[PDB]
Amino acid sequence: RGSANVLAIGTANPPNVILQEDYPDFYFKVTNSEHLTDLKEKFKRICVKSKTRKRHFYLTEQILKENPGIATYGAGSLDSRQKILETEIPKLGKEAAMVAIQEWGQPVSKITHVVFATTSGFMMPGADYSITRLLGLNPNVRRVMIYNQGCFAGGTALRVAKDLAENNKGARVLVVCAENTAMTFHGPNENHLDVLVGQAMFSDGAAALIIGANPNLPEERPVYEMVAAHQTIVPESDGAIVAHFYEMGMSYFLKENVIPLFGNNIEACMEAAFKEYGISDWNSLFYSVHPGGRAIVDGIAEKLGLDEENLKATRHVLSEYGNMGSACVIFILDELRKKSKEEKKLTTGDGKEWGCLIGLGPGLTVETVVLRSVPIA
């Protein structure tokens, strides 16, 4: 019995794109907030600085017209958010899952386990049930539904898949991460400027993987080896990110020091994960860093001394997709292996042997997955 491997990665996004250059005009119009000149000026500066070029959203002017509470800050809107989210999350998840299954090239009857992560709505039965039904998976698949673990849940999903894959001979785990801003969209309000930071970054996306130990070569094709998977609570961080699931939807609150609480601690997380394999040069590694806005990626870069090369996959997904929550770190893994093939590098990890996937979110929580690349040549 060996290490859990990534055998396939797939991604999906809803079709409707709003460019960041268009987004402030769009946002202030569909929330009937054009009278709030200062917030609109504040929001244009945040978006000009975001280094997100474009985002996909299921939410459109049409949907918001049909569900006006979603576009009114603090209005009872959760019922109508859930009516969207209950079906759109499994639906988008299925599309991401189909791309992974196609790459994998094996029948779906070989899938033994399903790990689904989202914070974009919830019901019983959950998105894990729904995607099982939509893909016609075996009814006896062993399911782990991961609700409401926010922007670190990509890490959590992989860490769970790792133990499922490694402890069960022949197990193939379908991992799906999906987010939909129907859960997080808020109109602007002078008292809750955290909303403007959210509306500059949050976006729709689904990513899927197939995880298995002991790949059947060469008809199965590993992309990454999962070596280790850690979770930690940052010291002195209690209350830094808090989200409530309220009648108005997901109401979230960020302290001033979120970026420096991650930044002053990330080096300790890298030592905890890499010391035992004798690694201390952080630029010797390839990276999937959760792109929770520009400031989080820049702070982690500054504190680890990461060069432009090691963050270009992370920054490409932030630019082209925005903060799709749990899905982002999986999009980055996809981008990383594609770019590696395109630039004729020796490994799926940008020519590097060892790598790091970092999930960041409430607690504050750091998810650290240690990866090895696979040869391309």
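Residue indices: 1-based, along the sequence shown.
Comparing the deposited coordinates for 140 to 148 and 72 to 80, the stretch with the larger average C-alpha B-factor is 72 to 80. Stretches compared: 238 to 246, 273 to 281. Higher mean C-alpha B-factor in the entry: 273 to 281.
Based on the entry's C-alpha B-factors, the most elevated value among 130, 257, 106, 180 belongs to 257. Each of 311, 328, 59, 47 has a CA temperature factor in the record; the biggest one is found at 47.
Sort the chain's modelled residues by C-alpha temperature factor and residue 187 lands in the middle third, per the entry. Remark: residue 85 belongs to the middle third of its chain, ranked by C-alpha B-factor as recorded.
Sort the chain's modelled residues by C-alpha temperature factor and residue 199 lands in the middle third, per the entry. Residue 156: CA B factor lies in the lowest third for its chain, per the PDB record.
In the PDB entry, a CA B factor belonging to the lowest third of its chain's modelled residues is recorded for residue 119.
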